[PDB]
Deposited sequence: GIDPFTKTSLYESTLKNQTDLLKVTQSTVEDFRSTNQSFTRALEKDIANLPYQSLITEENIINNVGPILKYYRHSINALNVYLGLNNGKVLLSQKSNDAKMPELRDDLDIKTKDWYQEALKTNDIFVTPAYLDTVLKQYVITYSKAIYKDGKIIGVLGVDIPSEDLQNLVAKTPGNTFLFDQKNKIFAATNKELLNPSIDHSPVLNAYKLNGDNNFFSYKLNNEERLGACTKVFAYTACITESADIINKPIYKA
């Protein structure tokens, strides 16, 4: 009851929840940075091959192929590949890299977006054509002496990020670009019929990392969200810690 005591519980739980929100944010950042560094190392190993190893398709197969496979294995990627300007892609896929001419790579955002930036491009989650699993793709236009060799692509199962986020402490969860629930420690939050407007509206009024209160079934809750890349990470708890 005493306003001194209520304030001290509010400050205390505010510190705990925002600490745990940061753990989930860091989880998403570390996932992306690990994958980007992997993709950069692979780009460098392909680009450092002699030109003779790169200028025929058969040489690409025999000299880039093993590299794609060793990298795929090292990180347990789903697919690792190099897309070429003739529309063919050298593909190293889970369950010997082959040159494929039937995957329409020039229509894929991971291909075309890599050509418009000098950075690694990261897709949202989407259904992989090759193995029919949801993936996040990291892609990168590879250049050697200013000449494009092709577009590197690395597919990581989006389930990997979901499991990483789910294992974090706290009632944390993650929205995707379309404000659709993407990951959650509490699996029940993945129910697609749940209305998330209360917590998203509270976030919209308060801003990144700013603790707020909101209502659920006429009961007070506390929470905070923050943008992480194009995701939105949130945490929420009951307000009983301050009220009881």
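Gaps without C-alpha coordinates occur at 1, 97-100, 250-254, with positions taken along the deposited sequence from 1.
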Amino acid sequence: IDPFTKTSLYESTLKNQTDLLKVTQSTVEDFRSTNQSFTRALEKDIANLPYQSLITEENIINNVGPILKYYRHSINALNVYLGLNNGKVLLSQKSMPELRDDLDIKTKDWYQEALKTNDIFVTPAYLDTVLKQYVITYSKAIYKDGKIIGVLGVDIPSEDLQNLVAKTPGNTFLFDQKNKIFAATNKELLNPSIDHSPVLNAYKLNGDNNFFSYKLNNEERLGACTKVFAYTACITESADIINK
From here on, numbers count along this sequence of modelled residues.
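Stretches compared: 154-162, 138-146. Higher mean C-alpha B-factor in the entry: 138-146. A summary of the deposited B-factors shows that, of 97-105 and 68-76, the stretch with the larger mean C-alpha value is 97-105. Out of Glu58, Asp195, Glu43, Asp30, the entry records its largest CA B-factor for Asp195. When the C-alpha B-factors of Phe38, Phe182, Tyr51, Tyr203 are ranked from the entry, the top spot goes to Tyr203.
Compared with the other modelled residues of the chain, the Cα B-factor recorded for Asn62 ranks in the middle third. For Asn186, the recorded CA temperature factor ranks within the middle third of the chain's modelled residues. Residue-level temperature factors show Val199 in the middle third of its chain, judged at the C-alpha atom.
In this PDB entry, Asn218 carries a Cα temperature factor that places it within the highest third of its chain's modelled residues. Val89: CA B factor lies in the middle third for its chain, per the PDB record.
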